[PDB]
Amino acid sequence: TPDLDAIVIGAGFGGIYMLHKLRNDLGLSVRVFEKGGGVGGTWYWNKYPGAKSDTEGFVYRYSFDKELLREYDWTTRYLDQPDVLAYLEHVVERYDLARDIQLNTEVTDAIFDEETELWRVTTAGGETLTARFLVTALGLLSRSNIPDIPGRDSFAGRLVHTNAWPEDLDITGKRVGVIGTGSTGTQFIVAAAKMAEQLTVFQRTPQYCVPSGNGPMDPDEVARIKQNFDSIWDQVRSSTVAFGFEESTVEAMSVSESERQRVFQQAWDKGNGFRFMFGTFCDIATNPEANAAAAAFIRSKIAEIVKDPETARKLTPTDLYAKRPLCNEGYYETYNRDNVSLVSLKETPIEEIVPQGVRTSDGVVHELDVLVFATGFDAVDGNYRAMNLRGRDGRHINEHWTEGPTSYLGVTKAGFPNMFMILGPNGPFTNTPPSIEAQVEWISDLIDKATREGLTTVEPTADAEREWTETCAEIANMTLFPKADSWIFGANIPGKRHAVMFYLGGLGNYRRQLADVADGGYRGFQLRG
């Protein structure tokens, strides 16, 4: 007999919904452990100025409760971090979840006992307890990456990762430096430039940024959206990327030069990064000729916006437009400000961090009060590999993942009976909440099957997981995504295996894969009584 039916790790979008399904819908005994001082995952940690959704707010939310969709108001096209946090806090209150979420509690160990067929979980605080079912909602983008830059520990000012932004820190009138120009660094740069006396950007790799088109929402437009939510969510769940817009079915090079320009400009005017990549033409990320046309359009905008030609050059990427799409309000314009400087780490790498700032290879000491690491995450597997996470034969998860992280269907792991992952490796790459709903709902159904039928273990076969890896590889290799160095294939962390870590077939196809496996008697699972 376990202490609980189920333990859930993480209280972001993923663990919040998982706890709701298992406790409120299935009536099981459940606890969430969250290492943070508050619920909300991403939206708890990322307190930095300019932190916001790059999915439009109308579909950056749960869908599963039709009344919550009718009730809950948003006021801006994209959701600022405090607004997302307030929404998730509202969900926790609405479903009476806080009593079963244990905060400030890091899980250090999770060990499967093959004799008892129970999971034993150990906390940093030195408590252990057992559950039949373990759900890991640890976050794809949760484990902070802070590079080992020479002299980093000598800096005498405030040095923080974006994912550790402190509530107290006011950068107004300070000299601020930021390392990184992904989605986090770039939205930070736009907000920080308005506050800091001087902002120095340390850019290793420029990315292709498009407008967000952010601004206030017409309360009548919010009302109209709520009246059409059913069709909106149907289009989301059927789509590839689930961002709430109709994906193009047109091949970029099937139309005239004049029409490509018009389509690209219309998407640029409306905003959104996923709109620019998938709302224009159907083959931006698959056809190198289409990819070149999209990239060229973005480079031409950089040249128009940025007044200093050297600054324009350092901002202009020349690589494939196949990193996750970025958007911002006023990003390139920010470099026209007198108080903003751009260091290309390609031309002048960091030599040393010193007490007073950052010295680049040109010998310049960039004097800073604050140094911000917008350096991203040990993405997908980082919080798994950091855990003493052991399956059958007492093997650590690392023993299984020597060629990169693997799963069956993104949610289960061979060797790890009764363990379910929310956004485990080799799952969908979409607007996050609807992918979380597809996984939580499916995991809920399989756990309930196990309860109703008296199963002791649910586990995928080694063969099934290997076939899933090959399915993910084939789809990935039909795209340009593997030929862009980013966190998505593990290439951002020195020493990390370069490997497929997502199913890139989209939400519609992914939901079908889950449904087909469930309807076919859980094809690839051993169900033991």
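From 1 onward, residues are counted along the sequence shown.
Enquirer: Which wins on mean Cα temperature factor, 195 to 203 or 211 to 219?
Expert: According to the PDB entry, the answer is 211 to 219.
Enquirer: State which stretch shows the higher mean Cα B factor in the entry: 138 to 146 or 453 to 461.
Expert: Result: 453 to 461.
Enquirer: Out of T108, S407, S154, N418, which residue has the highest Cα temperature factor in the PDB record?
Expert: Highest C-alpha B-factor among the listed options: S154.
Enquirer: Take the CA temperature factors straight from the PDB entry and tell me which of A438, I350, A379, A295 peaks.
Expert: Max CA B-factor in the entry, restricted to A438, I350, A379, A295: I350.
Enquirer: Sorting the chain's modelled residues by C-alpha B-factor, tell me whether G38 ends up in the lowest, middle or highest third.
Expert: Tercile = middle for this residue's CA B-factor.
Enquirer: Using the B-factors in the PDB entry, rank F133's C-alpha atom against the chain and give the third, lowest, middle or highest.
Expert: For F133, the deposited C-alpha B-factor lands in the middle third.
Enquirer: Comparing against every modelled residue in the chain, figure out the third that the C-alpha B-factor of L68 lands in (lowest, middle or highest).
Expert: Within its chain, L68 is a highest-third residue by C-alpha B-factor, going by the deposited values.
Enquirer: Determine, from the deposited record, the chain-internal third of the Cα B-factor for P309: lowest, middle or highest.
Expert: Highest third of the chain for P309's C-alpha B-factor.
Enquirer: Sorting by Cα B-factor within the chain, modelled residues only, which third would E403 end up in: lowest, middle or highest?
Expert: Within its chain, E403 is a highest-third residue by C-alpha B-factor, going by the deposited values.
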